[PDB]
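J.:
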Amino acid sequence: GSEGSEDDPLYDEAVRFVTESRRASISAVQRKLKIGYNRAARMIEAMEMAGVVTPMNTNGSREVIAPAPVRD
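In the authors' numbering, the protein residues as written are 740 to 811.
Dropping the structure here:
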C-alpha cells in the first residue's frame with residue numbers, strides 16, 4: 740500500500756466525503772473527489788482498516804464509523 744492507507748493527498752478528502760455522505764462508495768468517492776476508481780477504492784480500503792467506514796452490508800453498502808465535523 741502506498742496511496743490510500745491513512746494519510747493520502749486525497750484520503751482526507753475521501754474520509755471527509757464518506758463521513759459527510761454517511762456512505763462509503765468508491766464510485767461516489769471518485770465522483771465527489773474527481774479521483775480514480777482504483778485510487779478511491781484504495782483510500783476506501785484505508786477507511787475500512789482505519790475505522791472510518793464499516794464493512795459492506797448484505798445489500799452491498801458500506802457505512803461510516805468515523806465521526807463527522809459537528810463543531811471541532
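Just so you know, even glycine gets a beta-carbon here, dropped at the ideal spot from N, CA and C.
#1: Please report the Cβ distance between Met782 and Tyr750, rounded to the nearest whole angstrom; I am assuming they are in contact, meaning their Cβ atoms lie under 8 Å.
#2: Only counting the same chain, and skipping five residues up and downstream in sequence, which positions put a Cβ closer than 6 Å to that of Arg761?
#3: If you count every other CB in all the chains shown that lies within 10 Å of the CB of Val791, and 16 or more means buried, which is it?
#4: Enumerate, from N- to C-terminal direction, the unbroken alpha helix (DSSP H) stretches of 4 or more residues contained entirely within the stretch 759 to 805.
#5: Measuring alpha carbon to alpha carbon, tell me which of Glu759, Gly740, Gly743 ends up nearest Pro806.
#6: Look at the Cβ atom of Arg801, then the Cβ atom of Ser744, and state whether they are nearer than 8 Å.
T.: On the basis of the coordinates in this document:
#1: The pair is a contact, with the Cβ atoms about 4 Å apart (cut-off 8 Å).
#2: Counting only Cβ-Cβ distances below 6 Å, and skipping sequence neighbours, we find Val803.
#3: Buried, since its Cβ has 16 or more Cβ neighbours within 10 Å.
#4: Within the stretch 759 to 805, the complete alpha helix (DSSP H) runs of at least 4 residues are 765 to 772, 776 to 789.
#5: Relative to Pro806, the option among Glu759, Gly740, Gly743 whose CA is nearest is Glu759.
#6: If you check the CB distance, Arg801 and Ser744 do not come in under 8 Å.
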